[PDB]
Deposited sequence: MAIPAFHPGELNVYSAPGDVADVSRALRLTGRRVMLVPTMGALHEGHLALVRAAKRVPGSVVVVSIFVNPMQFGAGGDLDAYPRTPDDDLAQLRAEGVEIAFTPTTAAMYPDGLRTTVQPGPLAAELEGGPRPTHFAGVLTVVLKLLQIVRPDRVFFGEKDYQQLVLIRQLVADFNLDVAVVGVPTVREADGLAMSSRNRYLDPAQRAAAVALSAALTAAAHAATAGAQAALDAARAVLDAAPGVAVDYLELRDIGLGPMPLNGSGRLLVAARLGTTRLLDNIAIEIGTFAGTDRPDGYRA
């Protein structure tokens, strides 16, 4: 007997089998199941993923909330989802998700060792493992991820292609504060000087995107100049790549990515670039 689902309200499930049963039953009634994976502490960036998911006709929206140890405000997160008209939150325990410990896992391809995988060499294995599991639990038609974690998003699309997963991956543009700073729960840690200097990341990227009519080197030099004008911003990398994160082609579409440390806080940003 299928678990109780109440249309038009927030239905919370902690058991994987429960969310699995409700989702399967909803899909057979002609709903299209959309998955939005989060680690809770929700902000506007998450709500933008929510809104994209909601505007697919016949959608029912699953927001998972789960702090993944291989890679929190409960009632607040839940009230945000309620206010967005999300119908399912999936809130499992670590024991429900990992009932036999870490045993079989996903091993990402070589891209997981670069860029973010430099300081965190096992981070992406953890993320791919947890995403693969959420996909199998919920079986969504579409899964939504923000572009702010661009390398993550690329790795997810490799997971999906490589394991023949039958789901559409949707990347949603970065939601920014008014001065351009990419939204992230880490932004709250920045003191005023840091918060003011942090704008250099988005400013450098957008400057590069416009300098790019003058080519790749102009674009990288424009970005570096802007980063160079900021105090207390330790750049770990600034790299132009193709959109799949291979080597930048002589012209065409690319992606410029940056990561930097302000005090103890690590920030990231990235932007589409068109060369020429």
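According to the record, the deposited residues with no C-alpha atom in the structure span 1, 73 to 83, 289 to 301.
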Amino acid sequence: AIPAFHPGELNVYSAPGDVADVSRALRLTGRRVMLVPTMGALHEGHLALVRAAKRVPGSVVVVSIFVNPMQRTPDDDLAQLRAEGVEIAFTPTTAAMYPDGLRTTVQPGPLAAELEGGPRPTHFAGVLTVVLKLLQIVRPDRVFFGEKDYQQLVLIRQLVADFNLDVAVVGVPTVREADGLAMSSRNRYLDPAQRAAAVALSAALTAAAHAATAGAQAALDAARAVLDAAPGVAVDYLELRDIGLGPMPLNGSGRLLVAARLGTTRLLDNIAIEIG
From here on, numbers count along this sequence of modelled residues.
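If you superpose the two forms and keep the largest set of C-alpha atoms that fall within 1.5 Å, you have the rigid core.
In 9 other deposited structures of this protein, superposed by the rigid core, the C-alpha atoms of 249 to 257 lie farther from the shown form than the other of 7 to 15 and 249 to 257.
In summary, of the stretches 210 to 218 and 240 to 248, 240 to 248 shows the greater Cα distance from the shown form in 9 other deposited structures of this protein, with structures fitted on the rigid core. Of the other compared PDB entries of this protein that include residues on both sides, at least a third leave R72 without atoms.
When the C-alpha B-factors of 117 to 125 and 146 to 154 are averaged, 117 to 125 comes out higher.
Stretches 108 to 116 and 127 to 135 differ in mean C-alpha B factor, with the higher average recorded for 108 to 116. Of the residues listed, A204, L78, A197, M97, the entry assigns the biggest Cα temperature factor to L78.
Ranked within its chain, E44 lands in the highest third, by CA B factor from the PDB record.
Among all modelled residues in its chain, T174 ranks in the middle third by Cα B-factor.
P231: CA B factor in the lowest third of modelled residues in this chain (values from the PDB entry). Compared with the other modelled residues of the chain, the Cα B-factor recorded for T73 ranks in the highest third. Ranked by C-alpha B-factor against the other modelled residues of its chain, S185 falls in the highest third.
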